[PDB]
$ cat model.cif   # mmCIF, N, CA, C and O atoms
data_entry
loop_
_atom_site.label_atom_id
_atom_site.label_comp_id
_atom_site.auth_asym_id
_atom_site.auth_seq_id
_atom_site.Cartn_x
_atom_site.Cartn_y
_atom_site.Cartn_z
N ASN A 550 0.84 -1.22 0.00
CA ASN A 550 0.00 0.00 0.00
C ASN A 550 0.87 1.27 0.00
O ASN A 550 0.44 2.30 -0.52
N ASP A 551 2.09 1.18 0.57
CA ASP A 551 3.06 2.31 0.58
C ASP A 551 3.71 2.49 -0.80
O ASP A 551 3.66 1.57 -1.64
N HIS A 552 4.33 3.67 -1.01
CA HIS A 552 4.95 4.08 -2.29
C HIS A 552 3.88 4.14 -3.41
O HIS A 552 3.67 3.17 -4.14
N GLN A 553 3.18 5.29 -3.49
CA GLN A 553 2.05 5.48 -4.42
C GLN A 553 2.53 5.73 -5.87
O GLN A 553 3.38 6.59 -6.12
N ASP A 554 2.02 4.90 -6.79
CA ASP A 554 2.11 5.14 -8.26
C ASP A 554 0.71 5.05 -8.88
O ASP A 554 0.52 5.35 -10.06
N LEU A 555 -0.27 4.65 -8.07
CA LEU A 555 -1.67 4.58 -8.46
C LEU A 555 -2.30 5.97 -8.33
O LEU A 555 -2.26 6.58 -7.25
N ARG A 556 -2.87 6.47 -9.43
CA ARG A 556 -3.60 7.74 -9.46
C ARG A 556 -5.03 7.50 -8.94
O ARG A 556 -5.98 7.36 -9.72
N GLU A 557 -5.12 7.35 -7.62
CA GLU A 557 -6.36 7.16 -6.86
C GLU A 557 -6.08 7.67 -5.44
O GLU A 557 -6.31 6.98 -4.43
N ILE A 558 -5.53 8.89 -5.40
CA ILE A 558 -5.01 9.54 -4.19
C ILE A 558 -6.19 9.96 -3.28
O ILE A 558 -6.72 11.07 -3.39
N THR A 559 -6.64 9.00 -2.46
CA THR A 559 -7.77 9.16 -1.52
C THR A 559 -7.30 8.77 -0.11
O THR A 559 -7.42 9.55 0.84
N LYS A 560 -6.73 7.55 -0.02
CA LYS A 560 -6.12 7.04 1.23
C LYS A 560 -4.83 7.82 1.49
O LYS A 560 -4.60 8.33 2.59
N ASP A 561 -4.02 7.89 0.41
CA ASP A 561 -2.70 8.54 0.41
C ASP A 561 -2.79 9.99 0.89
O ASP A 561 -2.14 10.34 1.87
N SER A 562 -3.66 10.79 0.22
CA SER A 562 -3.81 12.25 0.47
C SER A 562 -4.00 12.57 1.96
O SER A 562 -3.31 13.43 2.51
N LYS A 563 -4.92 11.83 2.59
CA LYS A 563 -5.25 11.98 4.02
C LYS A 563 -4.04 11.66 4.90
O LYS A 563 -3.67 12.45 5.77
N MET A 564 -3.39 10.53 4.61
CA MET A 564 -2.20 10.07 5.36
C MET A 564 -1.01 11.03 5.19
O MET A 564 -0.18 11.15 6.10
N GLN A 565 -0.94 11.72 4.04
CA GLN A 565 0.12 12.71 3.75
C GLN A 565 -0.11 13.99 4.55
O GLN A 565 0.82 14.53 5.12
N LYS A 566 -1.37 14.46 4.59
CA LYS A 566 -1.74 15.70 5.30
C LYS A 566 -1.55 15.54 6.81
O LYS A 566 -1.11 16.46 7.48
N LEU A 567 -1.89 14.34 7.32
CA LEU A 567 -1.72 14.00 8.75
C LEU A 567 -0.24 13.82 9.10
O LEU A 567 0.20 14.22 10.19
N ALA A 568 0.52 13.20 8.17
CA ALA A 568 1.98 13.02 8.31
C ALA A 568 2.67 14.38 8.41
O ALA A 568 3.43 14.62 9.35
N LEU A 569 2.35 15.28 7.46
CA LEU A 569 2.95 16.62 7.37
C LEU A 569 2.57 17.48 8.58
O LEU A 569 3.44 18.07 9.18
N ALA A 570 1.27 17.51 8.93
CA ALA A 570 0.76 18.32 10.05
C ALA A 570 1.46 17.95 11.38
O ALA A 570 2.06 18.81 12.06
N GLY A 571 1.40 16.64 11.69
CA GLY A 571 2.00 16.09 12.91
C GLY A 571 3.49 16.32 12.96
O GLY A 571 4.01 16.82 13.97
N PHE A 572 4.18 16.01 11.85
CA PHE A 572 5.64 16.17 11.70
C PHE A 572 6.05 17.64 11.91
O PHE A 572 6.93 17.90 12.72
N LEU A 573 5.36 18.57 11.22
CA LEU A 573 5.65 20.03 11.28
C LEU A 573 5.57 20.55 12.72
O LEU A 573 6.38 21.39 13.11
N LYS A 574 4.59 20.05 13.49
CA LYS A 574 4.50 20.35 14.93
C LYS A 574 5.73 19.79 15.68
O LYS A 574 6.52 20.55 16.28
N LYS A 575 5.94 18.47 15.56
CA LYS A 575 6.97 17.74 16.33
C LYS A 575 8.40 18.12 15.87
O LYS A 575 9.35 17.76 16.54
N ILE A 576 8.53 18.86 14.74
CA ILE A 576 9.81 19.46 14.30
C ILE A 576 10.42 20.30 15.45
O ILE A 576 11.59 20.14 15.79
N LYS A 577 9.58 21.12 16.11
CA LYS A 577 10.03 21.99 17.22
C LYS A 577 9.89 21.27 18.59
O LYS A 577 10.25 21.83 19.64
N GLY A 578 9.39 20.02 18.55
CA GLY A 578 9.13 19.23 19.77
C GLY A 578 10.19 18.16 20.03
O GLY A 578 10.47 17.82 21.18
N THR A 579 10.78 17.63 18.95
CA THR A 579 11.77 16.53 18.99
C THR A 579 13.07 16.97 18.29
O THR A 579 13.12 17.99 17.60
N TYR A 580 14.11 16.13 18.43
CA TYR A 580 15.45 16.38 17.88
C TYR A 580 15.51 16.14 16.34
O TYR A 580 16.58 16.30 15.74
N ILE A 581 14.37 15.72 15.73
CA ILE A 581 14.27 15.40 14.29
C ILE A 581 14.74 16.60 13.44
O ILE A 581 15.59 16.42 12.56
N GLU A 582 14.21 17.81 13.74
CA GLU A 582 14.64 19.07 13.08
C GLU A 582 16.16 19.25 13.15
O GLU A 582 16.79 19.57 12.14
N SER A 583 16.72 19.04 14.37
CA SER A 583 18.17 19.15 14.63
C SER A 583 18.97 18.27 13.65
O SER A 583 19.89 18.75 12.99
N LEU A 584 18.53 17.01 13.49
CA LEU A 584 19.16 16.05 12.56
C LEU A 584 19.06 16.55 11.10
O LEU A 584 20.06 16.55 10.37
N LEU A 585 17.86 17.00 10.71
CA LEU A 585 17.57 17.45 9.33
C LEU A 585 18.49 18.62 8.92
O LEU A 585 19.11 18.59 7.86
N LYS A 586 18.60 19.63 9.80
CA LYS A 586 19.35 20.86 9.53
C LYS A 586 20.87 20.62 9.62
O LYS A 586 21.64 21.28 8.91
N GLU A 587 21.30 19.66 10.48
CA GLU A 587 22.71 19.23 10.58
C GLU A 587 23.14 18.45 9.32
O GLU A 587 24.29 18.56 8.88
N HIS A 588 22.20 17.68 8.74
CA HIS A 588 22.45 16.89 7.51
C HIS A 588 22.07 17.67 6.24
O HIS A 588 22.19 17.14 5.14
N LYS A 589 21.61 18.93 6.42
CA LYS A 589 21.19 19.84 5.33
C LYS A 589 19.99 19.32 4.51
O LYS A 589 19.76 19.78 3.38
N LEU A 590 19.22 18.40 5.11
CA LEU A 590 17.91 17.97 4.59
C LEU A 590 16.93 19.16 4.69
O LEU A 590 16.08 19.35 3.83
N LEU A 591 17.09 19.94 5.78
CA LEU A 591 16.61 21.32 5.87
C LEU A 591 17.84 22.23 5.62
O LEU A 591 18.63 22.45 6.57
#

$ encode --input "model.cif" --output "structure tokens"
Amino acid sequence: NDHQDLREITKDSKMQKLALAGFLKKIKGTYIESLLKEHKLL
């Protein structure tokens, strides 16, 4: 079900918006941001 190539973005879209929303919050909550910016992913 992971890695979408099917153009039927219904399950995917919701899981992406929830992934992004939650992640964007926890960026300033956890060391994840620290890792990203140290590795220049940010």

$ atom_distance --input "model.cif" --atom1 "atom CA of residue 573 of chain A" --atom2 "atom C of residue 561 of chain A"
16.7 Å

$ atom_distance --input "model.cif" --atom1 "atom O of residue 550 of chain A" --atom2 "atom CA of residue 565 of chain A"
11.3 Å

$ atom_distance --input "model.cif" --atom1 "atom CA of residue 571 of chain A" --atom2 "atom N of residue 585 of chain A"
16.0 Å
